[PDB]
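Down below is the structure, laid out as structure tokens.
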């Protein structure tokens, strides 16, 4: 939105981090693994 | 690179003795400026000649162009194309440009120009800082204050490269720039500093705070204990100021015990490099000779807004090397960089 | 009534501090009017050419 | 009065739930502002390329028409376009004369 | 813009390079050059 | 120093020997002086750092504003520029008159310098510099004094050097002593040999508006750049007469009339009137306006050239009408330009060069020529004679402005009255101003389309402006309505209080 | 061997353009196109702006 | 661009709290692990490969630093004045 | 008075051709300026001292 400089990024970083903080420490409740074997595919998690 | 001459060039290339001299030296300068060479003399690197290296001085063609430009400037100067046009000139021009150009149009434009001027025509200059280590080069930054407020601080700077026979070029000076930070310094202690190549302000202010209750029963505290907070803020590239960082300097101020109506002298200068700020406090004296072997407190502020106390073994070094920059009663000194 | 007074002041403060305030329009008018006039002179000259 | 209270809350819920709400405009403004600024830099670059062509055709390397002040950080950069349009016109007019 | 357009008529140098000219190297243009009596440039320029 | 000891041992533990080195480490700090800020009793603020004191504020901004309400001629008058400011600190003003250039003394080179010594140290400082002219150079300097003098015979010394006699001998310059009540006199032991005259301006505690102070930039825009800017635009618009009138605010050959009196000066901007000599030691800058506004002679010359450009342009305008009568008019304009230029100066070239070694060549100035290198001619200025000579030559040889032969009739064909009338009618409308209708290379339909595109863009700005204005007024109204609501509520609060009091009465 | 001195007038206009607010002026790239082509392109770009 | 690269890699080191540091890489995971991963990740995503083996960013950072030096040299080269060709030369020597 | 050689005159008093080393805008002038500014960039006992690297320039 503006000139690229140090303060422009500092403001952007503060927003980045507050968005991060909100989901930075959710409690993981449960998960499921899509594949047959544990070495491949994806594990899905639900947290709160 | 060491001899500043190329020993691998083909014999097909022609040159002159002067032309090679102006090559070996150009490389020498560039290696020093780019810090290829580890320890160039900072008091030389900071000279204006080198400051302008990347715009004019590094090439013959541009050097020659500038040298003619400033030798016979009458051939090039123009009221519409010049360096240092003020924001108030922009205002005159915008008003004039709205209609036909004549005497009446400019008279009204001038009345606006002059009232805009009057508002900052007589600010009290409070304090200043020189961003070089030599007093003939670089810029001095000033902080001024409107007679109408405790707020309304403005900054200004002057370019000393434009200083010559006892006087400054008119456009050596910047305009006053309004500070939107709600600064409420104690005893006008505020001092500008250039740090991280940015303009920072630092000041002390007292936080008036105490226990509301006296003996925790029927009784009260009088007014306040005074906590001394050191605030530090800087200019954004937006032209606006950011929110100040607060530091606790109470033990330092109390050690250098002052009377009730006093502020510690606030000595502040940037270390020439490493983005390290030198902040010192002292009990302001009547004469500079009293700083010889004086007790002083201080701290280092790093680019990471954190600080370390100065050990007295070092604060004594800065004291000895930087005195005659310290204020005394009846004078105010412009500080400068410490190298 | 005191509440209404406070609300009146917050509406006023809002107007003063909203982006599209009087200052914006004063500024836009000043700058645009200068452009419009200058553009007009250029337009006239081309019409005349 | 309780009925009026409920109706007032209904209107607030309406304003929050209607599509063209504050969230929409906050989003549209953020996105458009990013576009507008980026578009501005591209516009300046083309204006400057036209300026460079001008200088090459008319052998005059000193002329400048595009000023750095078209984009104000304040006032959200409004009228930067109009400012550039005038300077392009001045350049064109100079070319003809 | 045309190639070379805008160059002052009295400044700089033109080079005409003929690749593969050397005869000992059996360059393709090595024989062409031996039939070339002259080189003619036709220069269009304007006065302004 | 770092203590470095080299030592070695045998396989059986026997010592083989040692050597001890010491590596010195030297720390330097540029322990310069500090610039000092002052706020005096008279309201003046200044920065002092050597013998030099720089003014930081103005105390008469209110007067400027008030004068401007009376018109352009009051704000731009000489009297306006004579509004005085208080002196910065202890010191005095003195007038120095520098004698005319001659070759018995001041021989070989025209530069001279004035130095001030014994003010804050026993070192000297440059106070003034310039080149000698063929007349008396009359300058006023403020001579600062330290509260405690370095010498008891005098509070300060000022002396002059000029290649010849750059000696700074005792008593060679005036020695100034501050007597009781602040009266400064010249100590009679000193002599004036290098000066035509020196006058201490006792009882002068102020000086006219300082164009070298911190706010000088506004004064330069107000008195010099603005009127030059205005004249430039008027000339581009071909308002040659108006451009002339505006240039006259800065420079009027033949002088000015002030309060009905005939004045003895041409330059109407105080620093251009003053600073009549060239600065002999130019500012080392990259900014041509730092150099100009340091040495005002540069503006005097650019002003001079703008006047010539105007005269030439009037000439060319007439020349190009290609009527014998207008060629004759052009001729007088070129003659007026030549008159104003006067004779082309003779500028000899020197061939003297010492072929110095670079180390010696690196001869600098700090705080057989003095300046090892010499200047060039300045063809831009010399070209004014070259240009006029060609234009006049062409007229005298029946050539066009670009040197083409032309065959104009002796008597011009009468202008067609129908066109003269439509021009007269267009002009006499009120206002009526329109720019010259320049003829382009383009055919009507091309230009028509360009003009149409230009106008539709204008109509877009027009509607944009209208919308801004209507929106601007709407904003003002909403603010008005809230400000009014704020007043009525106060009255209602007072009414409610009376109601409460009534109930207490109940 | 020795470069032609740069034209001081061009150096000044560059210096003013550079120093007179921000100074962020993109490289003035020279394209293969003549002025009227680039002008039309720039004009279209600005009206979009 | 030069200054910004130094937030990641600054050959010649850093000063921290006035102290002279003993490292060039300012990103902890690049500073740690100087050994190439002998078990390269069997993926299709080059960023999963990098990071996992941080040596890849150290190299790309190195390449960007060179690209900057070369570009400075190229910029100067193209001005076609002896002064700028000499400048270009030092930039290439610095890259070498 | 009237004329360029009456007002504004007397500056310098000697001129040179644009093609000579004696010109203040000559490369000799440029070298002189570079040398006087660059010669003190390093300590006199530094290996990078200009006159140590190149004893002939001076």
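Protein chains in written order, with the entry's author numbering: chain P, 1066 to 1113; chain Y, 969 to 1307; chain G, 2227 to 2275; chain S, 2227 to 2323; chain X, 2469 to 2516; chain Z, 1550 to 1916, 1943 to 2081; chain B, 1985 to 2033; chain F, 1792 to 1887; chain E, 89 to 146. Think of the CB as a built atom: it goes at the ideal place given N, C-alpha and C, for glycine as much as any other residue.
- Residue range 2019 to 2080 is occupied by the alpha helix (DSSP H) that includes residue 2030 of chain Z.
- For residue 1098 of chain Y, the chain Z residues whose Cβ falls inside 7 Å of its Cβ are 1584, in order along the chain.
- Within the model, the alpha-carbon separation for residue 1703 of chain Z versus residue 1996 of chain B is close to 48 Å.
- In the structure shown, residue 1883 of chain Z adopts helical secondary structure according to DSSP, grouped into three states.
- Its chain contains 1235, 1264, 1266 as the residues whose beta carbon lies nearer than 6 Å to that of residue 1248 of chain Y, once the 5 sequence neighbours on both sides are disregarded; these appear in chain order.
- Under the DSSP definition of a beta bridge, residue 1266 of chain Y partners with Y:1248.
- Against chain Z, a Cβ distance below 7 Å from residue 2322 of chain S picks out 2015.
- Considering only Y:1082, Y:1162, Y:1187, the residue with the shortest C-alpha distance to residue 1111 of chain Y is Y:1162.
- Residue range 2248 to 2283 is occupied by the alpha helix (DSSP H) that includes residue 2266 of chain S.
- Per the C-alpha coordinates, the member of F:1797, F:1826, F:1844 positioned closest to residue 1834 of chain F is F:1844.
- Looking only at Z:1893, Z:1771, Z:1600, Z:1683, the smallest Cα-Cα distance to residue 1637 of chain Z is reached by Z:1600.
- Cβ-Cβ separation between residue 1208 of chain Y and residue 1252 of chain Y: approximately 33 Å, too far for a contact (criterion under 8 Å).
- Excluding sequence positions up to five before and after residue 1193 of chain Y, its CB lies within less than 7 Å of the CB of 1177, 1178, all in the same chain and listed in chain order.
- Of the other Cβ atoms in all chains shown, fewer than 16 fall within 10 Å of the Cβ of residue 2042 of chain Z; this residue is therefore exposed.
- By the Cβ-count criterion, residue 2507 of chain X is exposed, with fewer than 16 other Cβ atoms from all chains shown falling within 10 Å of its own Cβ.
- Contact annotation for residue 2026 of chain B against chain Y: no contact, minimum CB-CB distance about 22 Å [criterion: below 7 Å].
- The Cβ atoms of residue 1050 of chain Y and residue 1132 of chain Y do not sit closer than 9 Å to each other.
- Among the residues of the stretch 110 to 125 of chain E, those with a Cβ less than 8 Å away from any Cβ of chain Y are 112, 113, 115, 116, 117, 118, 119, 121, 122, 123, 125, in the order of the chain.
- Annotation: residue 1104 of chain Y is outside any alpha helix (DSSP H) and is labelled neither H nor E by DSSP.
- Residues of the stretch 2034 to 2062 of chain Z whose Cβ lies closer than 7 Å to any Cβ of chain S, in chain order: 2036.
- Taking a contact as a CB-CB distance under 8 Å, the pair residue 1821 of chain Z and residue 1849 of chain Z counts as one, their CB atoms being some 5 Å apart.
- If one requires a minimum length of 3 residues, the beta strand (DSSP E) runs lying completely within the stretch 1580 to 1612 of chain Z are 1584 to 1588, 1594 to 1597, 1602 to 1604, in chain order.
- In the three-state DSSP reduction, residue 1751 of chain Z falls in the coil class, being neither helix nor strand.
- Across the structure, residue 2024 of chain B and residue 2308 of chain S are spaced so that their CA atoms are roughly 16 Å apart.
- Approximately 5 Å separates the beta-carbon atoms of residue 2040 of chain Z and residue 2262 of chain G; this is inside 8 Å, confirming the contact.
- When Y:1007, Y:1024, Y:1227, Y:1215 are compared, the shortest CA-CA separation from residue 1277 of chain Y is found for Y:1215.
- Cβ atoms of residue 1725 of chain Z and residue 1692 of chain Z come within 8 Å of each other, at about 7 Å.
- Residues of chain E whose Cβ lies closer than 9 Å to the Cβ of residue 971 of chain Y are, in chain order, 141, 142.
- The C-alpha of residue 993 of chain Y is placed about 12 Å away from the C-alpha of residue 136 of chain E.
- Proximity of residue 2283 of chain S to chain Z, defined by a Cβ-Cβ separation below 9 Å, is not satisfied.
- According to DSSP, residue 1199 of chain Y shares a beta bridge with Y:1171, Y:1214.
- DSSP assignment within the stretch 1707 to 1777 of chain Z yields the following whole alpha helix (DSSP H) runs of 4 residues or more, N-terminal first: 1765 to 1769.
- Closer than 9 Å to the CB of residue 2265 of chain G there is at least one CB belonging to chain Z.
- Only 1837 from the stretch 1826 to 1843 of chain Z bring a Cβ to less than 7 Å from some Cβ of chain B.
- Per DSSP, residue 1552 of chain Z lies in no alpha helix (DSSP H) segment; the continuous beta strand (DSSP E) that holds it begins and ends at 1551 to 1558.
- Residues of the same chain with a CB within less than 8 Å of the CB of residue 2498 of chain X, apart from the 5 flanking positions on each side, are 2488, 2489, 2490, 2491 in chain order.
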